[PDB]
Amino acid sequence: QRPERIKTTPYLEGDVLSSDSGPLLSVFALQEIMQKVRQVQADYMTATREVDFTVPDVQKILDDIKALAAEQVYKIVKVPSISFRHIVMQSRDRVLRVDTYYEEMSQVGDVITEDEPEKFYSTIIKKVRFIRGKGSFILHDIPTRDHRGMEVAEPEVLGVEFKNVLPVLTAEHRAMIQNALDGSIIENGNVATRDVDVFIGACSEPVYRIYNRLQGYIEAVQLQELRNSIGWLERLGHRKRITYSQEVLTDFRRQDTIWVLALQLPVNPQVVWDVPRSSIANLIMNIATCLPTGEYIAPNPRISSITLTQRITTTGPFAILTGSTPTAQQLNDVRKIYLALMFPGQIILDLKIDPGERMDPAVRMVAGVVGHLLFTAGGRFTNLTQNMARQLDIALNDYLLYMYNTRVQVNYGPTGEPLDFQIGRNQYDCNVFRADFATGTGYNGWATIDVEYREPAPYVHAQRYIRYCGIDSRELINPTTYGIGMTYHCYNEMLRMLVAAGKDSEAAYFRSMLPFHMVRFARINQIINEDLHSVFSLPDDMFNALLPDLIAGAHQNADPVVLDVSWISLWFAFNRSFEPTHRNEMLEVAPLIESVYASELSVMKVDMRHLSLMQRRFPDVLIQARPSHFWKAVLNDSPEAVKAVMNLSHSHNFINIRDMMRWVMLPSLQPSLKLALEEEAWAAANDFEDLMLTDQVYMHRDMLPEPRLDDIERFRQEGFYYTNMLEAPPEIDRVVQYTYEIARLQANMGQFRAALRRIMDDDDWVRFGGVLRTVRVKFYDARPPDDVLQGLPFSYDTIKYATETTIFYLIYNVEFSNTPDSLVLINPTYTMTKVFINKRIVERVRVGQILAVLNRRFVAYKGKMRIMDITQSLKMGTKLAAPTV
Amino acid sequence: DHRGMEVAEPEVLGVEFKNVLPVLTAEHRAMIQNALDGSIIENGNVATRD
């Protein structure tokens with residue numbers, strides 16, 4: 001199926017040894033990281049917090065991100081909420097209404113206390129998700145009816161309930177209200193093919209604000225935004241070289257279907273790379289969605305042995321090493337070496353000194369040669385530590401001086417460093433094979449440009465093309481040189497030195513394995529810049545600073561993972577190839593999985609951005625608060641799939657207070673449907689009076705009003721009642737201002753009860769402002785008990801400054817046989833608590849304006865329309881008919 | 001935690017006054033709590049470590 005795997009000559013055709021895959025190396029790499037930190041913490045006296053190291057199921061995590069793409073933040077409903085109610089009384093033709101949105105806003109979270117700061121943040125988040133979850137509907141297929149030629153709507157789709165008003169209302173206003181119910185007509189409803197329903201209604205302004213943003217979203221987010229997203233998915237498949245079917249996408253929209261698109265496919269890749277200490281978590285997600293399943297191909301066995309007649313056979317110099325097998329421990333070390341070659345800067349190797357294992361001394365000296373022509377310590381990236389590259393130069397110094405043939409001459413240098421001599425008859429200077437991390441004089445990348453830039457990438461953050469040993473992946477399609485001149489500089493100097501030291505039988509081996517060597521790096525290049533190109537890859541501003549922060553030893557936030565290999569694992573990784581067979585299963589669903597993950601991080605950042613300012617707005621509430629409280633609060637009201645990706649390296653326990661504060665200040669947001677529906681919900685809560693929380697609560701000595709009634713019907717008609725709710729707050733003069741620091745000291749000095757009563761006797765007003773309070777609304781007919789009547793704004797335990805207050809309405813119900821002095825007593829009953837709210841909540845308005853609240857232009861869809869989501873169709877394997885210019 | 005800055009708990013200090021707090025007067029008990037809230041924790045730097 002591919003032009004590069006057509007194996008004509010039987011050179012590259014060899015035996016299959018083992019296999020590997022994407023979803024297997026992802027769980028293997030996290031095991032080898034967490035086993036190392038659980039090993040050094042068991043051998044030494046370590047003193048830290050107990051952090052459990054469990055290896056999470058990666059395949060369950062990637063499935064749960066995919067199930068989140070099928071979520072629907074909107075909902076389909078036929079009728080809106082109730083949104084208004086009326087309470088009847090003794091009066092006819094005069095009632096009082098109740099906006100029942102604030103009744104629903106009363107019992108949302110818990111009571112705000114001045115000692116639990118984490119419970120304050122969860123009370124806020126529970127309110128805003130209640131606003132967004134309620135005001136996000138479509139209102140499809142409302143019921144209507146007919147009246148005298150015009151189309152009037154059924155009264156159930158109006159947001160007023162008045163069914164208790166009719167059996168007490170007079171027969172004159174029954175017809176005066178019936179013209180209004182037949183006045184809620186359908187606008188331009190007497191034309192067919194309308195395809196929509198327009199009517200007027202009543203709903204509260206904090207929820208109607210969400211209804212405008214969702215309805216305005218579908219007007220602007222349509223086919224052209226699907227046109228950009230599919231056109232971007234063509235360019236990623238244009239690079240990754242996937243095959244297409246003969247089926248293209250046509251932009252034919254039906255006349256009865258409405259498209260809703262919740263995501264955007266060009267992902268801002270900075271959003272993933274601001275998550276604190278997520279450098280290892282981005283690596284494991286890169287393996288699971290991009291590595292293809294391959295087989296380790298052993299080289300052709302006729303390279304060593306050439307059989308002449310029957311019993312005459314040429315034998316190799318490493319006859320003992322080629323006929324060995326890797327044990328099950330060492331095979332897990334070959335899978336580390338190819339895991340460190342595919343991810344160039346991010347994974348670095350070491351040596352793993354082990355006293356239990358006893359090897360031949362010759363396998364170390366042979367594997368000092370193989371390390372010098374397989375790895376890379378050049379001027380751009382490194383595959384191996386400053387210590388691992390030091391024990392290879394000593395292993396080369398010992399191999400070049402243990403001469404089992406006739407000794408060649410050697411002239412040492414003035415220092416004592418390894419490889420400081422001039423071996424050979426013609427005195428090849430062996431000084432150039434010591435590791436020099438600024439130029440890479442020994443390993444690959446000596447005279448090679450192994451990082452090049454040639455085209456703008458689909459993911460804008462990773463533009464580089466890794467080219468191991470200066471070889472393109474197009475030297476398997478159209479080769480440049482012959483089958484003998486396939487040589488590069490870092491290998492060729494190793495051969496002409498190994499001949500000079502008399503080891504020209506081993507040099508015959510490494511020369512005859514040159515084209516097998518170059519083909520392997522020509523397939524690693526076809527995995528790095530062709531398959532492992534995701535948003536989870538490393539950006540260029542972190543890749544370029546990996547090596548120059550390794551030499552200086554400075555601190556870095558993209559610190560590499562150090563893994564351990566063995567000595568013989570250097571040899572067994574030489575004679576393998578990893579030629580991939582099948583690409584990864586979830587490669588096509590990959591960028592939709594990245595899109596949901598980047599979008600859910602965007603809505604988490606906004607929920608911490610607004611909560612971080614509450615201390616600078618109400619400092620008297622949050623005394624014992626810290627930035628880890630809203631970090632703990634909004635992570636509870638978040639999907640567990642996105643939380644499981646952020647804790648892939650158990651970094652939830654290793655974050656200090658100035659790292660989570662750095663994430664909430666980094667500007668990078670991925671716009672989607674939910675963020676366009678969340679930021680509108682936060683805009684409706686920037687006053688807190690729509691959250692039933694206020695600071696303007698007063699205390700003022702005032703008697704319960706005893707209406708000295710003389711006419712029974714006039715007292716019955718006018719609708720007499722009493723509430724503690726002010727219509728307007730008192731003046732700035734004549735009042736006394738208290739706060740938390742003043743009122744707390746007066747309780748400890750014993751002057752809180754005394755100095756407050758002197759204000760109550762001089763007929764003044766005291767404000768307890770500074771903190772917030774939970775406010776409820778109650779209704780009573782007879783005399784309410786003491787807590788409501790004298791209910792103090794504070795309490796005792798030494799005081800509770802933020803006690804829950806209440807709003808009570810006392811409807812005076814009178815009968816015929818009551819004395820005018822019956823409700824007049826000798827000694828009055830005072831009330832103290834008086835709260836102002838600045839909201840139209842409970843207003844006593846006559847029945848001429850009972851349905852004057854119909855001022856909301858609702859827009860509804862007809863029942864023939866269809867509402868379908870198209871977010872699940874943003875796969876990479878799709879192609880569209882009309883290409884994007 | 002207190003007012004957005006960090007303070008130390010009273011047992012982290014090297015004194016034990018738990019037997020004198022029941023006898024001590026309520027006027028000075030609120031003043032010894034305010035005196036206890038003055039031991040702020042400065043951030044330091046020991047070989048480039050927090």
# chains A, B, ... in the order shown; residues from 1 in each chain; ligands from 1

call {"tool": "residues_around", "arguments": {"residues": "residue A:302", "least_positions_apart": "3", "cutoff": "12 Å", "atoms": "only C-alpha atoms", "output": "PyMOL selection string"}}
result
chain A and resi 10-14+298-299+305-307+313-316+509+512-513

call {"tool": "interface_residues", "arguments": {"of": "chain A", "to": "chain B", "cutoff": "9 Å", "atoms": "only C-alpha atoms", "output": "list in words"}}
result
residues 615, 619, 620, 622, 623, 624, 625, 626, 627, 745, 748, 749 and 750 of chain A
